[PDB]
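As a starting point, one isolated chain is supplied in structure tokens, in the form deposited in one PDB entry.
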């Protein structure tokens, strides 16, 4: 068994959306290049479902994209597009379907969430959030979907919402201490970790952890550097922060969170500097 890191698209060195796809193997501690996605995509999302990498939404420098494309872990091909053009949307997996909420279509931010079923190749609309959010994070915790942070066109948000499938509505939970947009969101053990982001004035290195059991927020040792629009994932039980913008330059860094000694250390760096790129973890 081995778990690989995948980084797709984003905003590159040359101040442009990019199509680059990189793979990190921790066993070899080595980076590899994969076939590039068919379209340059910044503000993009990415998920893993049945050994498939899904690149969702984004912004190609001209339009924000309905299109979604897939790679079987190789060749990249398009699948059924979303009902909404979504840039900077939250994406996650639940059961064996893909959930994508929020985003920006070029004129309005979205309360919508939708669901991709691969067995019928379909995107289905579901219940709307209370607040439209772009740059918000999506995660699954105890079989329930959480969407955190973002930006509604007016203020940066500390609001966190949770989805109730039995009613089709979202209910608010205890908000985060710091309003964050472009923060990385992941689930590690019994805590939802939110890393970095932007609070309206400063680029954040702060990290918060929400306890699934107690429903309470805590502050954690902050990352080695400020990161906004940084990827966050869990690989073989360790939390990883991926690239991002440090307030002045794009980042190559990938850093790991050590829970036993409670510290962050940069573990590796990619061949490209990216922010708001899609991140996913795939099991080999």
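Numbering follows the first chain given and starts at 1. In this text, rigid core is short for the largest set of C-alphas that superpose within 1.5 Å between two forms.
The form deposited in another entry exists for this protein as well; it is not shown, and the discussion that follows is about that form.
S.K.: Out of 119, 167, 201, 214, I need the residue that shifts by 2 angstroms or more at the Cα between this form and the one not shown, core superposed.
M.R.: The answer here is 167.
S.K.: Using a superposition on the rigid core, decide whether the Cα position of residue 16 changes by 2 angstroms or more between this form and the one not shown.
M.R.: No: residue 16 shifts by under 2 Å between this form and the one not shown.
S.K.: For residue 275, state whether the C-alpha moves by 2 Å or more between this form and the one not shown after rigid core superposition.
M.R.: It does not reach a 2 Å shift.
S.K.: Comparing against this form, do residue 271 and residue 193 have their CA atoms pulled together or pushed apart in the other form? The difference is 3 Å or more.
M.R.: So the answer is closer.
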